[PDB]
Structure formats: C-alpha cells, structure tokens
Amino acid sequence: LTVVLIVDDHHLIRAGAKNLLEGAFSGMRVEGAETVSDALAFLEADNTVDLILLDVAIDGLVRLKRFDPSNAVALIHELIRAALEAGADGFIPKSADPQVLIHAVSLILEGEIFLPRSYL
C-alpha cells in the first residue's frame, strides 16, 4: 500500500487530494493532517508514509525533513529555490489540473522531482 500524507488546513483540499489520488492509483491511501505539528505527531507515533504533500513555511519543510529525511516531501521563484535547497522533492501549483497532480505524484514517488515550467 502506498501512503501519502497531505498536510493542509482545509478539509476541501485534503479530501479533494484523497479522492483524486485514491481513484487514480490502485494501492493508494491518503491520510490528512491540518498542521505541521500534527503531521510530526502523526509521524512519531510510527505511522509510515511514502510522500508528504505540504501546504504553503520553508520552516515546515525543514522540520519534516529534520524528523526523517528519508520521506519525500513536496510542496503544494525564490520560494521554489529556497524549497529545493532544503531538500524539497517537488513543487506543485494548487492551480494545476488533476492530471498534473497525479503525474507529479507518480514521478515523485519514483524518485524524480516535479517543478512548474515557470521556474524552468
């Protein structure tokens, strides 16, 4: 089972991501947290994940990597640049269509990085 933790303070966002990703991927489970601090407590209690999608600040990213750099963390120019330096595995616009999110997640789960073309 693939496990993605979405860390965002709007239920609509976390549920949209869950419905999308669980529908597109066969062995996929999406769990939610509302804050960085809630995500870190989830992670201490031994709950393992393949990827964290983290809402946007860089300090959240730093905290989550500090806990366990073996977890991919992707965010959802300066920001992008800063994120990458802290070890972000991706940056997905919230404006991006379903298909982009699905394929960016695939790539990131395979060890690749997704960035928006604006940056590139």
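Numbers follow the displayed sequence, beginning with 1.
Asks: Which class fits the unmodelled deposited stretch between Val56 and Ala57: none, 1 to 3, 4 to 9, or 10 or more?
Replies: 4 to 9 residues lack coordinates between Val56 and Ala57.
Asks: Please classify the coordinate gap between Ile76 and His77 in terms of deposited residues: none, 1 to 3, 4 to 9, or 10 or more.
Replies: Gap size class: 4 to 9 residues without coordinates, per the record.
Asks: So, looking at the entry's B-factor column for Cα atoms, which has the higher mean, 77-85 or 33-41?
Replies: According to the entry, 77-85 carries the higher average C-alpha B-factor.
Asks: Which has the higher mean CA temperature factor in the PDB entry, 3-11 or 111-119?
Replies: Mean B over CA atoms: larger for 111-119.
Asks: Sorting the chain's CA B-factors, does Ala96 end up in the lowest, middle or highest third?
Replies: It falls in the top third of the chain.
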